[PDB]
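A.B. asks: experimental structure and sequence below, a few questions after.
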Amino acid sequence: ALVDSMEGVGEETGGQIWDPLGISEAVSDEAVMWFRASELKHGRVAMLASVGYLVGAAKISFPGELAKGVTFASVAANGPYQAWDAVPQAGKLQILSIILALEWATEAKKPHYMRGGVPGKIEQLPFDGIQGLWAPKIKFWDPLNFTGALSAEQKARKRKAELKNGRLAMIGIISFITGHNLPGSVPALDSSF
Amino acid sequence: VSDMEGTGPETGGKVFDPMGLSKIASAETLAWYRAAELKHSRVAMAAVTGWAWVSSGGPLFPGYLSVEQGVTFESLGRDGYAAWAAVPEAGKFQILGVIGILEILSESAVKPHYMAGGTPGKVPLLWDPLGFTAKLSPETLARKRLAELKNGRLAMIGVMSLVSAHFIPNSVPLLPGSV
Amino acid sequence: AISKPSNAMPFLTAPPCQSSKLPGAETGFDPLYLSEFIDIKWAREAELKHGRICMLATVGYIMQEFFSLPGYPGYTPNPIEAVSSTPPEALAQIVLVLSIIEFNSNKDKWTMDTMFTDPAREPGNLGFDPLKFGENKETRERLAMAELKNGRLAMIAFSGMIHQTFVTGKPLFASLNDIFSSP
Amino acid sequence: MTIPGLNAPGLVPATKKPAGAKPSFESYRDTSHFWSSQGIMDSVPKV
Amino acid sequence: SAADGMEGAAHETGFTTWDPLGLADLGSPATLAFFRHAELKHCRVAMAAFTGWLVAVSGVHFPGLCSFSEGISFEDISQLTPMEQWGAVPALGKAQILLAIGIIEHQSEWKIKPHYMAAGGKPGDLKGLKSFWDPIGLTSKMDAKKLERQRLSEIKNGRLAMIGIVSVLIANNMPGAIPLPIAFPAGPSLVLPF
Ligand SMILES: CC(=O)O[C@H]1CC(C)(C)C(=C=C/C(C)=C/C=C/C(C)=C/C=C/C=C(C)/C=C/C=C(\C)C(=O)C[C@@]23O[C@]2(C)C[C@@H](O)CC3(C)C)[C@](C)(O)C1
Ligand code: KC2
Ligand code: KC2
Ligand code: KC2
Ligand SMILES: CC1=C(C#C/C(C)=C/C=C/C(C)=C/C=C/C=C(C)/C=C/C=C(C)/C=C/[C@@]23O[C@]2(C)C[C@@H](O)CC3(C)C)C(C)(C)C[C@H](O)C1
């Protein structure tokens, strides 16, 4: 089984797969590749969101202006939750468009992950190889090539750390949002966020 | 990291990296660090020399920054942040746009890119137009590269000293209280 | 357990177009199987003609809202109203020129039986290639597939612009701004 | 307009009544599309 | 790419062909020759256009009358903005200017029998139209090395000139495009013939 040959197994659940409900046992291998790809994407998005939400909760913002009328401090004033609503529309559209470009270019790689490729290994240069499209070759992950200095075992341990941190952030960001929605649901969040 | 330039006699003839930042760096990461260090050295040297020349009562440019908008170089202020604020927004925009065109040209026009097997922080587009170091020996060129890195790091320290003196009222000992 | 299913739809049988040497034939998208009834070469000729017309038309539609011929009579950013506003003689001359072009390009080949009698005639190959992109045979498949797909997207897009202007009464990007405006 | 997510909330909570007695049969049969005269007359296409 | 032996690779793009979208790989060598000829024509026309635009803005004009029938003079045309001068030219004057340009174009296509699209075309070469290019023999003194340098200078100046003419013609109509705040002359960015 493909579920028996991954890095996500951790001692926190013993030296064994954590599939309480047998979801991985009730699906074919292709769905397991999709699961790992989506798990890592969710984890990474979640930790980006978690650190961003903490930064917003601390009222930390850049010195300058997010538009020609709004200030970074002004749009951050209300809090992290309403900050996205207070962001100008064109900026939201631009973030969504660049995320669209990223998740289209990464999807359009033919080894893929569902059809015979490493799940979670986003192609480091999504926009390369596209005919009649040009990008500056800023490779998406490790643009300055930190992981090159690591050995294979080192980066395997760090992939395990990635899975652990991504799952923890998956919990954490939703903890932030749920604490904002239901007051006292997550007692660690003050009224500031 | 041990084969790169920048080390001098002032640190035991050895590398200065207390916090291990070079141990997590491959060849490409080290090239990026060197490119960033050199570009910061260049920018900081120009910045600190300009700030010193302006705020030290040095000569200013002759006439009008904007003949139409009515801003003389003397009336700009002879104070760094205040002068930059008083510069017209169009002037700042075209300075930054020219620098951006230069940066894009630098990235796209220096073949073997510094992050793909090229020399870090070299710009054949902008260096020695006339003749200056197109004929020097390969040991004096290395010596002057080391000098560049050294006094460039000193310029980084100096320009951030000026910035701290401006923001924090009196943070630098031997700098005025109105930087 | 379909023996020869459509590539686009595995739950439908292979149409005649799928087992064909046309550009884009490796898609098998024909739920109504109109390739069986319609001659495939005629249908591809019409496909490329409509795609070319509509991929001119979409650019014309989007750029007529913004730009005008200097001092042209009866301009209106809404092209639907601008058709009536503009002189009828302009549209008459345009239709006459296009009639001349179609007649001369399809001389004695205006019908299913008449056209494609000669084997060398290819669908859409009316000989229009001044810059000679087709002499480079490596990129010919790319350009043919690209023509087909962009023409299809342009047919759909022109329908979108036309019916959006019908809905709103305002030109395309004005309606787009009104959609992407404040609540 | 209100793009859901961009310039407005996404899913919005619904308005609800906190419990209540059983509506009488004639209360909703007289408004149903199939067992009401006005319901039948309103259960027609439009254009 | 196919645009490797072609001259045009500059000092500002390393010394490699700048074809980010790979249009030179598209199509035939005939297509690339058409692209080169169009590049050089746009170059040359842009140099002429910027020089004429500077002439119009400066107000230097020929002494006399454009047409004694309509009474329009070079001075009256000079009073308008540079793009409005074309509208101010007499209609027959525009017609015969376009006739001269069309005749030159037709002879360039016709009398230069080894065609730019055809094999051995020399796409930039319009000399062959005798006494059209360099009537004074100024280029005769030069050799192959200086001729190649001057061809590269032509290409660079012309690319810059077409960017420049687009910039000046779009600056006033599109405010804030070119950052330099100066009263660029008014008028349309595009004009029709006649
Ligand atoms: C940064 C910012 O904000 O603004 C900037 C940028 C921005 C916007 C682009 C601007 C612009 C416009 C620009 C830069 C326009 C550039 C125009 C340009 C570059 C125009 C070339 C004309 C050349 C001609 C007519 C040459 C004929 C030459 C001929 C016919 C010869 O006979 C040459 C000759 O060699 C032969 C063949 C033989 C020799 O024996 C003799 C000589 C040597 C004579 C601004 C506003 O200005 C400034
Ligand atoms: C990672 C995502 C992202 C990318 C990759 C990206 C790239 C580029 C590029 C280059 C490709 C250009 C040339 C460009 C230009 C502008 N961006 Mg933009 N941008 C991103 C995100 C945001 C956000 C969140 C905002 C924003 C904005 C602006 C404004 C301000 C206009 C103003 O002063 O009103 C201008 C001119 C703000 C906005 O929309 O303001 C209404 C705003 O909030 N951007 N942006
Ligand atoms: C290194 C950067 C740089 C470059 C490479 C560069 C090149 C050119 C070129 C040639 C290519 C021309 C033709 C040109 C023309 C004008 N420049 Mg410009 N310029 C640069 C920087 C600045 C700054 C800082 C200012 C400035 C200005 C003006 C004015 C306004 C005059 C007035 O309004 O009186 C005019 C006409 C001032 C301004 O716009 O002030 C509101 C102003 O402060 N420039 N500039
Ligand atoms: C390509 C350049 C060019 C060439 C090679 C060329 C040659 C000749 C020849 C020899 C073969 C003759 C005999 C001739 C005669 C006249 N030219 Mg003419 N001409 C050129 C350009 C212009 C322009 C720009 C204008 C113009 C005009 C007139 C008028 C005035 C008529 C009048 O009073 O209206 C007369 C009599 C003006 C015009 O047509 O005004 C309506 C006007 O504006 N021409 N022109
Ligand atoms: C497959 C393929 C391609 C493709 C494709 C693509 C992208 C195709 C896209 C097709 C697409 C996008 C098709 C939309 C149809 C929309 C319709 C019919 C809307 C009707 C809408 C109606 C009838 C609205 C009616 C009303 O408003 C009225 C009048 C008043 C209101 O009171 C009530 C409502 C709101 C109901 C390539 C990539 C281009 C090439 C390749 O080779 C082959």
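C.D. replies: Cool, got the structure. Numbers count the residues shown, from 1 in each chain, chains lettered A, B, ... in the order given. Ligands and ions are numbered 1, 2, ... in the order given.

A.B. asks: mind listing the strands in chain E by residue range?
C.D. replies: Assigned by DSSP state E, the strands in chain E fall at E:12-15.

A.B. asks: starting at the chain centroid, how far to stretch C:122-140?
C.D. replies: Averaging C-alpha coordinates over stretch C:122-140 and over its chain gives two centres that are 18 Å apart (Cα atoms, centre = their mean, to the nearest Å).

A.B. asks: was I right about residue E:25 contacting residue E:19?
C.D. replies: Yes. Under the criterion of Cβ atoms under 8 Å, residue E:25 makes contact with residue E:19 at 7.4 Å. For the C-beta atoms, the positions are set from N, CA and C on the backbone; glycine is no exception.

A.B. asks: joint contacts of those two?
C.D. replies: Shared contacts of residue E:25 and residue E:19 (Cβ atoms under 8 Å, 6 or more residues apart in numbering or on different chains): residue E:1.

A.B. asks: next up, the contacts around the nearest residue to residue E:55 once chain neighbours are set aside.
C.D. replies: By the measure of Cβ to Cβ, 6 or more residues apart in numbering or on different chains, the closest residue to residue E:55 outside its immediate chain neighbours is residue E:61, 7.7 Å from it. Residue E:61 makes contacts with E:55, E:74, E:75, E:77, E:78, as judged by Cβ under 8 Å, 6+ apart.

A.B. asks: and the helix or strand containing residue B:81 with ligand 3, contact?
C.D. replies: Remark: residue B:81 resides in helix B:80-86, with elements defined by DSSP states H and E. No. Counting by Cβ under 6 Å from any ligand atom, ligand 3 has no neighbours in helix B:80-86; the shortest distance is 10.2 Å.

A.B. asks: output the contacting helices and strands for the helix or strand that comes right after that helix.
C.D. replies: Proceeding N to C from helix B:80-86, the next assigned helix or strand is helix B:89-109, under DSSP H and E. With contacts taken as 3 or more Cβ pairs under 8 Å, 6 or more residues apart in numbering or on different chains; DSSP states H and E, helix B:89-109 sits against strand E:12-15.

A.B. asks: please repeat the previous calculation with a cut-off of 10 Å.
C.D. replies: Contacts defined by 3 or more Cβ pairs under 10 Å, 6 or more residues apart in numbering or on different chains; DSSP states H and E place helix B:89-109 against helix B:27-55, strand B:64-66, helix B:80-86, strand E:12-15.

A.B. asks: check whether it comes near ligand 3.
C.D. replies: Yes. Part of helix B:89-109 sits near ligand 3 under the criterion Cβ under 6 Å from any ligand atom, namely B:90, B:91, B:94, B:95, B:98.

A.B. asks: let me know the closest of the residues you listed to residue A:155.
C.D. replies: Minimum distance to residue A:155 across the residues of helix B:89-109 next to ligand 3 is 41.6 Å, recorded for residue B:98 (Cβ to Cβ).

A.B. asks: so residue E:34 is in contact with residue C:131, correct?
C.D. replies: Yes. With contacts counted by Cβ atoms under 10 Å, residue E:34 reaches residue C:131, the gap being 5.2 Å.

A.B. asks: quick one: residues contacting the residue in chain D that chain C sits nearest to.
C.D. replies: With distances taken as Cβ to the nearest Cβ, chain D approaches chain C most closely at residue D:2, which sits 5.0 Å away. Counting by Cβ atoms under 10 Å, 6 or more residues apart in numbering or on different chains, residue D:2 touches C:182, C:183, D:8, D:9, D:12.

A.B. asks: and the fourth one, its phi and psi?
C.D. replies: Put plainly, it is residue D:9. Comment: the main-chain dihedrals of residue D:9 come out as phi -60, psi 170, following degrees, to the nearest 10.

A.B. asks: that one: neighbouring residues, count only.
C.D. replies: Here the count is done by other Cβ atoms under 10 Å in any protein chain shown, and residue D:9 has 10 residues near it.

A.B. asks: cool, and the third one?
C.D. replies: When neighbours are defined as other Cβ under 10 Å, residue D:8 has 12 of them.

A.B. asks: before we move on, back to that, which neighbours do residue E:34 and residue C:131 share?
C.D. replies: Shared contacts of residue E:34 and residue C:131 (Cβ under 10 Å, 6+ apart): E:27, E:28, E:117.

A.B. asks: just want the most central residue of chain E.
C.D. replies: Closest residue to the average C-alpha location of chain E: residue E:45 at 1.0 Å, with Cα atoms, centre = their mean.

A.B. asks: mind listing what the residue nearest to it when sequence neighbours are not counted touches?
C.D. replies: Counting by Cβ to Cβ, 6+ apart, the nearest residue to residue E:45 once its immediate chain neighbours are dropped is residue E:162, at 7.9 Å. Going by Cβ under 10 Å, 6+ apart, residue E:162 touches E:39, E:42, E:43, E:44, E:45, E:46, E:47, E:49, E:50.

A.B. asks: now intersect these with the helices, please.
C.D. replies: The members of the contacts of residue E:162 that map onto helices under DSSP state H are E:39, E:42, E:43, E:44, E:45, E:46, E:47, E:49, E:50.

A.B. asks: near ligand 1 too, which of those?
C.D. replies: Residues of those in contact with ligand 1 (Cβ under 6 Å from any ligand atom): E:47, E:50.

A.B. asks: what sits closest to the closest residue to chain B within chain A if chain neighbours are left out?
C.D. replies: In chain A, no residue comes nearer to chain B than residue A:148, which is 3.2 Å away by Cβ to the nearest Cβ. Counting by Cβ to Cβ, 6+ apart, the nearest residue to residue A:148 once its immediate chain neighbours are dropped is residue B:26, at 3.2 Å.
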